[PDB]
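Worksheet: one structure, shown below.
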Amino acid sequence: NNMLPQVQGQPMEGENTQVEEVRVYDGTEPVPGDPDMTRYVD
Amino acid sequence: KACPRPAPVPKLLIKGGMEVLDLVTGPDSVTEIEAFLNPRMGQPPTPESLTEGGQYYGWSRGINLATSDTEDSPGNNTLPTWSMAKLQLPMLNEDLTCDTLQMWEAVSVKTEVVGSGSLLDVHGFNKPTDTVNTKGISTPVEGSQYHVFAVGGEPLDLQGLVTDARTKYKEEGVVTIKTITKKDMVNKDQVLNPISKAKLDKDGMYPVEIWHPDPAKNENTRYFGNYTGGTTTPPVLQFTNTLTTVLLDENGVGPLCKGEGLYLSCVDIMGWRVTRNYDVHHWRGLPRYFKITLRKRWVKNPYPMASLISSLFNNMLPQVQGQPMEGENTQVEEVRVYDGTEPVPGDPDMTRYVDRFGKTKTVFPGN
Amino acid sequence: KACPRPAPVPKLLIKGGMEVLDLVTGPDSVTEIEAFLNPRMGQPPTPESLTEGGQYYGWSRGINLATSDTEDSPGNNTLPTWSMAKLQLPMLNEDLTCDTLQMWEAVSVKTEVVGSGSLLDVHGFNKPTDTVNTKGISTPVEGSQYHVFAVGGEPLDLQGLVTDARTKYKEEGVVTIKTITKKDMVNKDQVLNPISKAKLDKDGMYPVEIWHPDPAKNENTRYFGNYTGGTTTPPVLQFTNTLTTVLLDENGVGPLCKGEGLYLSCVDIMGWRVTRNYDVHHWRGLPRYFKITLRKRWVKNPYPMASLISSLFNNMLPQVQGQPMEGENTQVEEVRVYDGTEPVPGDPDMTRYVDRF
Amino acid sequence: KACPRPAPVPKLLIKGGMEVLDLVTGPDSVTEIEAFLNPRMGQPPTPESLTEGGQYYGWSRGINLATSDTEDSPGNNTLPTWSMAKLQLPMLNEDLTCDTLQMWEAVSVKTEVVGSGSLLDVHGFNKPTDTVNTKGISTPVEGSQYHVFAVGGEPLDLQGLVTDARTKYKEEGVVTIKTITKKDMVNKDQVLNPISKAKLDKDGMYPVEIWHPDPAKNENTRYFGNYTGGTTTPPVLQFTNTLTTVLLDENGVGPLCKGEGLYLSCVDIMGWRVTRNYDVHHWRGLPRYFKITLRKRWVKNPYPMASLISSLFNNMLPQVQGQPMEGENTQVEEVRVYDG
Ligand SMILES: CC(=O)N[C@@H]1[C@@H](O[C@@H]2O[C@H](CO)[C@H](O)[C@H](O[C@]3(C(=O)O)C[C@H](O)[C@@H](NC(C)=O)[C@H]([C@H](O)[C@H](O)CO)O3)[C@H]2O)[C@H](O)[C@@H](CO[C@]2(C(=O)O)C[C@H](O)[C@@H](NC(C)=O)[C@H]([C@H](O)[C@H](O)CO)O2)O[C@H]1O
Ligand SMILES: CC(=O)N[C@@H]1[C@@H](O[C@@H]2O[C@H](CO)[C@H](O)[C@H](O[C@]3(C(=O)O)C[C@H](O)[C@@H](NC(C)=O)[C@H]([C@H](O)[C@H](O)CO)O3)[C@H]2O)[C@H](O)[C@@H](CO[C@]2(C(=O)O)C[C@H](O)[C@@H](NC(C)=O)[C@H]([C@H](O)[C@H](O)CO)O2)O[C@H]1O
Ligand SMILES: CC(=O)N[C@@H]1[C@@H](O[C@@H]2O[C@H](CO)[C@H](O)[C@H](O[C@]3(C(=O)O)C[C@H](O)[C@@H](NC(C)=O)[C@H]([C@H](O)[C@H](O)CO)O3)[C@H]2O)[C@H](O)[C@@H](CO[C@]2(C(=O)O)C[C@H](O)[C@@H](NC(C)=O)[C@H]([C@H](O)[C@H](O)CO)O2)O[C@H]1O
């Protein structure tokens, strides 16, 4: 981080990060149905 | 019970934003980061109002021409600038034992520029198709276009070459070859100035017109793009969530974020819009998406612990200042070393050296 | 006896319409649905009279040109909007007693746009080749063209970016950032507006001029298409039924019609036809066809009967309103979860991020 | 042995023409057929002289224009029409014992359109480069070009879609949607009318401006082609003997000739020639070659003797008209079935 100059660069953290999403995987689960359906509340 | 077992897909731990990262992953554990950079060329965000910034957002302000051969001052919003950012990642593990560490290793990236659809708004006030009666279509985005981008484990090493070394860029709010190198540009810059090389230390700052992905003999970024010159030239684009690209390197490496930072960098001109008003020819860009897939890779540590440890611990000693025991005037006229025990030589004032590999009874003085 | 043996081919079960679906398939049963959609940019079908609707069906009605910088009122039928629909497949399974469940899963698909031939009519009244003596050819379609499409398991996810935020889309009669976001446009919509994201819930409603296949980091659709700008740009196409395309995913998956939906969506601008009158262009689009190949696939159950039954739990109590324990004002200062057991760490709230140092 | 034997290659049996077919092939006997189609768009062959038919043969006649909106009447020679033909093959062997049949199966085909060079005559009286001082080059062909073709084992299925649905096509001397749906066009046709579908049967009759290879649910033809619109769009083309194309189906079948016939179909607009006169426009076509490679393939009879005989008998026998021998006035009084 020393040899590496300091930026300034768009927001990839913060309140307006332009990071749309992230995910992590470590396993091997059998093809789930709707991978995205949990705790329902409006 | 034995209700047939579905296909084995990789299991997602958790998803969400960067923080998801925070969670200990493990070692094969992969991370997908979708993000994007907005196109920053000219008119910056800030005047959120569509009146004061006339919301020329994501647009070259107007086109500041030049006096004549002698005087070329372009406005700071007549200057599409490289758009970029850096993602900050977690820190992984060590094993000073095996002097090896794991780093964030980027692999493939899907990317996409969006908004090609926008270039179908054909009402509004652009030069009409039929000037005469002032009819037609409010003439679409046309002209040169440029799209480049990269991805790396450190910012982008670039090189500048400009059209005219005489251009009156500002010393202010943009990084020019001058801005980086004090001394004004010369004809060399105008073609390949091996000096005129910077870094992406900033953003929305080095304009494309100047700075280019320099093929440093060395690189941990993967970049690419292309130019498509012209004045009328039609824009063309690619809509697809189907393709992934390999940030992988030739040894099967891809980049690695030294500084747990991932670095995105890109540029996307579709061409100029043209005011019906006059020939205020200001250009437009679109934003780009990124889907970086990186793993955890084990790498032989570069620089030796001890050195650092003790390179540090020695830089703490008081500073001394004092007479020269090195330099061009070392007050040391001498130094020998021995370990062995040969039997008495002959010539005592014999010299002795080892070089490039081999150790020699120095040439009998009298060559 | 030894008879010659014809090459084995997949044996047909039944051919026919949507009803053939109801036939009990089996499991490696394969289905070949084959449909298409009529390109809906501007002039809606309904007025079928070629006088009243002056039959512009399949054409941008007129081509309204705004007033000036501050004033841009497009006008609905000046708008090529996204065209889609949903093939509703039959339900495959009843094992929400065991986990495993099988559902419709799209694989490959052949698509094709047609009528690329109609682009050769050169009589009729269009600005002509030779204006002078009003002669030549009724000048053909040229201009910016555009085609995209997608095959997926739920509707297509979009994103808004637009040319001018001051544009005045009649909120009445077409989806638009505001109609979905209430608040008017902003300069951010003039670029990547992460808020300005919508779904393909409706149809021939989301003008393409605004809406885009958003690469929501998450997706069960496959879309593709391209923009070809230009004022006088020559149209091009691929009249052909030879090769297919794979909706298969990276893991060998393809879409899975959640719900039991097969969602087809696309757009095909060919450029605009320009009247021999004034310079009023008005785009033409062609229909696209689809040939989806889908199979039956096993997956882990997605439905927690719990939810169902726990829908009934929140009715053992009313709706509460009370302070925010979620939002931008969660008064939840913090949460941590523990499960295992590690030996004591030193500062366990380690700045896992380097720059925090 | 002592004499080096060279390489083996397929042993030709007979070169010739259609007649050649007849000799008894065998079962792996491959048959190659070269042929072609003359680009029938506009002026037909018949007006033999280049004075009376001003030998436009191979050219649209003149681009007839229109009144405006309320009226557009094309003119039968202002219309390049689909071109096609049918190769008549001979019947093969069977083995009802195993309800197996042998049929003609198209495999690959080298096709090539020639005459690309013709486009290099820049004299003659087309408008010229410099019109001002009537000097330069008599402007070559330019404009929209279209090339599509198909090799099928039954006629080509096709769907009609048109631009303006009013277009007063001359209902006679050319198939139009009306010529087939027995009624007048509708906005729907103007975009995809599922009714507006038909077949190739004729030729030099189905205008291209109207019919397009329809991806029928099911198909025994391979088609391909592309449109390259535009007004001044430059022509381009492929001169090659070298490469082949495979009619082979998804499981390697290609087409089979329903009826002992092989079907060819295509169109090749190169664009148009404009006359040094007014903006008289008429398009130019080019002919196409075809080297179809086909084989003897075994199939299952997918039908049932009995009935297929029955059909035959029926198809053979006229329809009649017959006093009511059933219905409400059956002049049949009675029937008895006795056994024994
Ligand atoms: C805001 C403004 O108009 N400033 C004047 C400058 O004109 C504008 O210059 C901009 C670039 O700086 C853009 O090109 C402007 O184009 C647009 C625009 O987006 O603003 C294009 C739009 O299409 C148009 N919109 C409409 C609806 O017409 C707008 C519109 O006019 C405005 O948005 C307001 O409605 O215009 C273009 O008009 C003018 O170029 C600058 C000159 O700036 C400098 C320079 O050369 O950089 C600044 C220097 O500091 C100055 N020197 C000193 C010592 O001060 C020099 C110097 O005066 C010059 O070299 C000699 O003339 O000029 O002046 C503004 O007044
Ligand atoms: C159906 C009709 O005639 N409506 C009038 C509008 O004219 C038509 O507007 C359409 C878009 O709304 C198209 O641009 C029309 O173009 C075509 C078409 O119908 O598609 C193009 C065709 O090629 C052409 N065919 C031929 C053979 O020429 C047809 C043809 O001309 C017509 O079918 C019959 O002649 O035309 C175009 O003709 C007219 O634009 C609207 C006004 O719209 C509004 C608006 O901004 O939404 C309505 C507001 O209520 C009005 N406000 C007030 C206070 O009057 C504003 C306002 O006047 C405007 O901002 C300033 O003028 O305009 O009126 C219809 O009568
Ligand atoms: C041979 C001829 O000129 N016949 C008259 C028609 O003119 C020709 O029409 C063709 C299309 O039908 C082409 O457009 C002709 O263009 C060319 C051509 O002959 O191919 C283009 C050539 O390049 C050009 N050669 C040169 C060197 O320029 C030739 C050249 O002019 C000829 O070789 C020599 O003259 O021209 C074009 O000339 C004309 O279009 C028709 C009228 O059409 C109809 C109609 O449908 O509207 C035909 C109807 O049958 C008729 N109805 C009745 C009841 O008679 C109506 C009706 O008469 C009309 O509306 C009112 O009079 O007209 O007439 C031919 O005689």
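We did not get these values from a lab; they are worked out from the coordinates using the rules stated. Positions of Cβ are generated from backbone atoms using ideal geometry, with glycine treated the same way; all protein chains shown enter the neighbour counts.
Pull up all non-local amide H partners of B:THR245: gap of 5 or more, or a different chain, and H-to-H distance under 5 Å with H placed in the peptide plane.
B:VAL109, B:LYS110
Could you state the number of Å between the C-alpha centres of the range B:164-178 and the range C:172-204?
Cα centroid of the range C:172-204 versus Cα centroid of the range B:164-178: 40 Å apart.
So what is the calculated 222 nm ellipticity per residue for chain D, using -39500 (n - 2.57) for each DSSP H run with n of 4 or more, over all residues, to the nearest 500 deg cm²/dmol?
-1500 deg cm²/dmol
Taking +1 at the Cβ of each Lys and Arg and -1 at the Cβ of each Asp and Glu, which of D:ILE33, D:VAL186, C:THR111 sits farthest along the dipole of the protein assembly as shown towards its positive end, judged by Cα position relative to the Cα centre?
So the residue we want is D:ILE33.
Output ³J(HN,Hα) for the range D:119-130: one whole-Hz value per residue in order, computed from phi by the Karplus curve 6.51 cos²θ - 1.76 cosθ + 1.60 with θ = phi - 60°, and x for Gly and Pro.
Going residue by residue, I get 5, 9, 7, 9, 8, x, 9, 9, 4, x, 2, 9 Hz, with x marking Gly and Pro.
Taking the Cβ of B:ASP189 as the center, what net charge do the other residues with Cβ under 11 Å away carry, scoring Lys and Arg +1 and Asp and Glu -1?
+3
Pop the C-beta distance of D:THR244 and B:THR242 into the FRET formula with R0 = 25 Å and round what comes out to the nearest 0.05.
Step by step, r from the Cβ atoms, then E = 0.25.
Determine which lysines satisfy two conditions relative to D:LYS135: a Cα distance under 16 Å, and not lying fewer than 8 residues away in the same chain.
Partners within reach: D:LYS127.
What does the highest-first list of B:123-131, C:88-96 look like by mean Cβ count within 10 Å?
Put in order of decreasing packing, that is B:123-131, C:88-96.
Using a 7 Å offset from the Cα along the Cα-to-Cβ direction at both D:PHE313 and B:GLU172, what is the distance between the two label points in nm, to one decimal?
In this crude spin-label approximation the distance works out to 10.3 nm.
By average Cβ neighbour count within 10 Å, what is the ranking of B:181-188, B:199-206, B:271-278 from highest down?
Highest mean packing first, the order is B:199-206, B:271-278, B:181-188.
Measure up C:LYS182/C:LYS202; C:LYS291/D:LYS183; C:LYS199/C:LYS300; D:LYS168/D:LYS217; B:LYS170/B:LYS217 against 19 Å on the Cα-Cα distance and list the ones that go over.
Check vs 19 Å cut-off fails for C:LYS291/D:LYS183; C:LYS199/C:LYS300; D:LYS168/D:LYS217; B:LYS170/B:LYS217.
Quick one: divide the alpha-carbon radius of gyration of the range C:188-274 by 2.2 N^0.38 Å and tell me what you get.
Rounded to two decimals, the normalised Rg is 1.33.
Put a dot 7 Å past each Cα toward the Cβ at D:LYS197 and C:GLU94; how far apart are the dots in nm?
3.5
How large is ³J(HN,Hα), in whole Hz, for each residue of the range B:310-317 in order, when computed from phi with the Karplus curve 6.51 cos²θ - 1.76 cosθ + 1.60 and θ = phi - 60°, using x for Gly and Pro?
Working through the residues one at a time gives 6, 6, 5, 2, 9, 6, 9, 4 Hz.
Using +1 on the beta carbon of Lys and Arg, -1 on that of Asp and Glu, and nothing else charged, what's the dipole of the range B:213-349 about the Cα centre, debye to 20?
1820
Partner chain Cβ atoms within 10 Å, averaged over the residues of C:294-307 - can you pull that number for me?
4
Beyond 18 Å, what share of the Cα-Cα pairs of chain A remains, rounded to the nearest whole percent?
So the pairs more than 18 Å apart make up 62 percent of the total in chain A.
Treat every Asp and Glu Cβ in the range C:6-102 as -1 and every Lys and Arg Cβ as +1, leave all other atoms uncharged, and give the resulting dipole magnitude about the Cα centre to the nearest 20 debye.
Computed about the Cα centre, the dipole is about 340 debye.
Could you tell me what fraction of 2.2 N^0.38 Å the Cα radius of gyration of chain D comes to, as a two-decimal ratio?
1.29
For peptide B:82-94, what's the mean number of Cβ atoms from other chains within 10 Å of each residue's Cβ?
4
Taking the dipole about the Cα centre of chain B, with the C-beta of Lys and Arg at +1 and of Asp and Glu at -1, give me whichever of B:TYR223, B:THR242, B:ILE14 is farthest to the positive side.
B:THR242
Could you run the Karplus curve 6.51 cos²θ - 1.76 cosθ + 1.60 with θ = phi - 60° over the range C:245-253 and give me ³J(HN,Hα) per residue in whole Hz, x for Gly and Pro?
With the stated coefficients, the range C:245-253 comes to 10, 9, 7, 5, 8, 4, 9, x, 10 Hz.
Can you give the mean number of other chain Cβ atoms that lie within 10 Å of the Cβ atoms in peptide C:158-168?
Average per residue, whole number: 6.
Just the number, please: Stokes-Einstein D of the range C:248-291 in µm²/s, Kirkwood Rh from C-alpha pairs, 37 °C, 0.692 mPa s.
D = 234 µm²/s.
Only loop residues by DSSP count here, and only those with at most 13 other Cβ atoms within 10 Å; note down the GluC sites (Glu not before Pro) in the range B:118-203 that meet that.
Loop-located and lightly packed - B:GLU171, B:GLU172.
Under 13 Å from the Cα of D:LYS178, which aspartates and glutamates turn up, not counting those fewer than eight places away in the same chain?
Cross-link targets: D:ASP189.
Taking amide H positions as placed in the peptide plane 1.01 Å from N, state which residues far from A:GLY33 in sequence (5 or more) or on other chains have amide H under 5 Å from it.
C:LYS300
Name the residues whose placed amide hydrogens come within less than 5 Å of the amide hydrogen of B:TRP283, ignoring near sequence neighbours (fewer than 5 apart) on the same chain.
Here the answer is B:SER60, B:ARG273, since their amide H atoms fall under 5 Å of that of B:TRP283.
Looking at the calculated P(r) for the protein assembly as shown, what percent of the C-alpha pair distances fall above 56 Å?
Summing the P(r) of the protein assembly as shown above 56 Å gives 32 percent of all pairs.
Students often check this: by mean Cβ neighbours within 10 Å, which of D:309-318, B:288-297, B:159-168 ranks highest, and how do the rest follow?
B:288-297, B:159-168, D:309-318
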